[PDB]
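Residues per chain are reported as follows:
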Amino acid sequence: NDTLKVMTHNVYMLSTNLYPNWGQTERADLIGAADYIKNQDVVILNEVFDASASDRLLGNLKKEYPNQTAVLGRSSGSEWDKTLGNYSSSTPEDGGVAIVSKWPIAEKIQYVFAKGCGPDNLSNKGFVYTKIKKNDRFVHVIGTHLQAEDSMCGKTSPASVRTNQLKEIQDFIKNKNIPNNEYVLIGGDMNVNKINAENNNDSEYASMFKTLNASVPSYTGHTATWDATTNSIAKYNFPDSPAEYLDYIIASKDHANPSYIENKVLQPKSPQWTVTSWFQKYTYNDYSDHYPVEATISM
Ligand SMILES: [Mg+2]
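Residues numbered from 1 in each chain as written, not as in the entry; some residues may be left out. Heavy atoms only, no water.

As stated in the entry header, the method of structure determination is X-ray crystallography and the reported resolution is 2.40 Å.

And the structure:
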């Protein structure tokens, strides 16, 4: 059909040794059985940090998406064709990024970013590069999750670390020498806020595209990807935060140009699940604190 369906979802699967009461094991089952995550070609996952919950989620997704990477930064073995950048076996947490596909994966590279900030500096953040074979066409998908806005960053502003990380992605793409007739897609939680910024040419939002040499997609669906006013987990953690637009799937302008590319923010609600936290009982109807972004690429 000349249509690629790529989805990205930050799934809030924090390690159960630090954040034990967040329904990780249960949400792995709910997500695996959910409707919204069906019918895609490729799904990018962020925040699959918890060992068990993530194996279980990746295991539930095996039926529709049997071609899978390992989780970024969890190992450096032969599950990866190559491991690049500042990878370290001693930093406590992995990078939380995995890519799953219905189509065979010809090549799997992990890259760990050089610079980090605050708690992210204990992480192994980066990107996962995949080259995917979809009917005699090769498409390239980079899945990432950039430095978060953190108070504990210090004199290092988080925006400046993100600019660095984006340059790392772009240099990897430039020196990968990918034919300009193939599609190069970059997806994930970029931690760069579209809201109130889509009309300033010097915003961090406008710079992201310039730094990646990437085109601006068309936007449909909900107006925020992280939204304390509609989402039960984000309301619990940050009841008075304004809504943020942080998650993206975008195409490199130096390679194949789509006839169109759409980013649609979905708002699916899960079955009720409940947790006990600080002696009180809480019930949620969300899969995660982020909403998923479904991208449609017309090739
Ligand atoms: Mg988060």
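Still more ground to cover, so stick around.
1. Focus: the sheet that holds strand β10 (residues 218-221)
Read from one edge of the open sheet, seven strands run β3-β5-β2-β1-β15-β12-β10, paired in mixed fashion. Every interior strand has two partners, whereas the edge strands, β3 (67-68) and β10, have only one. In the sheet, β3 pairs with strand β5 (residues 98-101) via two bridges, with the strands oriented antiparallel. Counterpart to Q68 in the pairing with β5 is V100. In the packing of helix α2 (residues 51-61) onto the sheet, the strands contacted are β1 (3-13), β2 (42-48), β3 and β5, and the crossing angle to β2 comes to about 165°. (Pairing = 2+ DSSP bridges. Helix = DSSP H or I, 4+ residues; strand = E, 2+ residues; numbered from the N terminus. Contact = heavy atoms within 4.5 Å. Axes fitted to C-alpha atoms, helices over the stretch in contact; angles between N-to-C directions.)

2. Details of the nonpolar core
Grouped together as the largest cluster of nonpolar side chains are 52 residues, with contacts concentrated most on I142, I169, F172, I173, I186 and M208. Among all residues touching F172, those that are not within four sequence positions of it are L84, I109, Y111, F127, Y129 and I142. With 30 residues, the next largest nonpolar core counts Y36, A53, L61 and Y65 among its residues. (Core = buried A, V, L, I, M, F, W, Y, C linked by side-chain atoms within 4.5 Å. Buried < 20%, exposed > 50% of the residue type's maximum accessible area, 1.4 Å probe, protein only.)

3. A look at the UniProt feature "disulfide bond" in the protein
Sulfur atoms of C117 and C153 sit 2.0 Å from each other, so the disulfide annotated by UniProt is realized in this structure. Pair noted here: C117 is in the loop between β6 (105-112) and β7 (126-134) and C153 is in the loop between β8 (137-145) and α3 (158-174), with a separation of 36 residues, a long-range link. The exposure class assigned to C117 is buried, which follows from its relative accessible area of 2%. (Disulfide = S-S within 2.5 Å. UniProt positions renumbered as here; feature names shortened; annotations may be inferred.)

4. Things to note about α2
All buried positions along α2 are accounted for by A53, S54, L57, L58 and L61. Buried residues of α2 fall within an arc of 130° about the axis and therefore sit on the same side. Along α2, exposed side chains directed more than 90 degrees from the buried face belong to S52 and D55. Contacts from the buried residues of α2 go to β1, α1 (24-32), β2, β3 and β5. (Arc of directions from axis to C-beta.)

5. Notes on the packing of aromatic side chains
Tallying each qualifying case throughout the model produces 17 aromatic pairs. Relative to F172, the ring of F127 has its centre 5.2 Å away and its plane inclined at 70°; by these criteria the two rings are edge-to-face. Taken together, the residues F127 in strand β7 and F172 in helix α3 connect sequence positions 45 residues apart. Ring centres of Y236 and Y284 lie 6.0 Å apart, and the angle between their planes is 80°; this geometry places the pair in the edge-to-face category. With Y236 in helix α5 (residues 232-237) and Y284 in strand β14 (residues 280-284), the pair connects residues that are 48 residues apart, well separated along the chain. On the basis of relative accessible area, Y284 is assigned to the buried category, the value being 4%. Following the ring pairs from residue to residue traces out a cluster consisting of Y12, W22, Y236, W273, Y282 and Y284. Taking the ring centre of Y219 as reference, the NZ or CZ of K194 above it sits at 4.1 Å. The ring of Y245 carries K194 above its face, with NZ or CZ at 4.6 Å from the centroid. (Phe/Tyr/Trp six-rings, centres within 6.5 Å; stacked < 30°, edge-to-face > 60°. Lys NZ or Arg CZ within 6 Å of the ring centre and 35° of its normal.)

6. What about the packing of α1 against α2?
The geometry of α1 relative to α2 is characterised by a closest axis approach of 9 Å and an angle of 15° between their N-to-C directions. By the criterion of interaxial angle, the relationship of α1 to α2 is roughly parallel. Relative to α2, α1 is oriented so that their crossing is right-handed. Seen from α1, the contacting residues are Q24, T25, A28, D29, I31 and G32; seen from α2, they are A53, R56, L57, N60 and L61. Taken together, the residues of the contact of α1 with α2 break down into five nonpolar, four polar and two charged. (Parallel < 35°, antiparallel > 145°, perpendicular 65-115°, else oblique. Left-handed = near helix turned anticlockwise from the far one by under 90°. Nonpolar A, V, L, I, M, F, W, Y, C, P; charged D, E, K, R; others polar.)

7. What to know about the sheet that holds strand β4 (residues 82-85)
With respect to topology, six strands assemble into an open sheet ordered β4-β6-β7-β8-β9-β11, the strand pairing being mixed. With partners counted over all chains shown, the strands left at the sheet margins are β4 and β11 (247-251), one partner each. Across the sheet, the mean angle separating the axes of adjacent strands is 20° when strand polarity is ignored. Inspection of the sheet shows β4 paired to β6 by four bridges, in the parallel sense. Within β6, the position partnered with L84 by the bridge is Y111.

8. Some remarks on the layout of surface pockets
Its boundaries defined by the atoms lining it, the largest pocket holds a volume of some 1200 Å³. Lining the largest pocket are 38 residues; nearest its centre among them are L14, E47, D120, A148 and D150. Going through the elements one at a time, β1, α4 (204-212) and α5 are the ones with two or more residues in the lining of the largest pocket. When its residues are assigned to classes, the lining of the largest pocket shows 17 nonpolar, ten polar and eleven charged. (1 Å grid on protein atoms, 1.4 Å probe; cavity = no way out; pocket = protein on both sides within 12 Å on 5 of 7 lines; lining within 4 Å. Points joined across faces, edges and corners; volume = space filled by probe spheres on them.)

9. Some points on the side chain of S277
Examined against the element boundaries, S277 turns out to sit in strand β13 (residues 273-277). A relative accessible area of 13% places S277 in the buried class. Beyond its immediate chain neighbours, meaning those up to four positions away, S277 contacts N21, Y236 and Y282.

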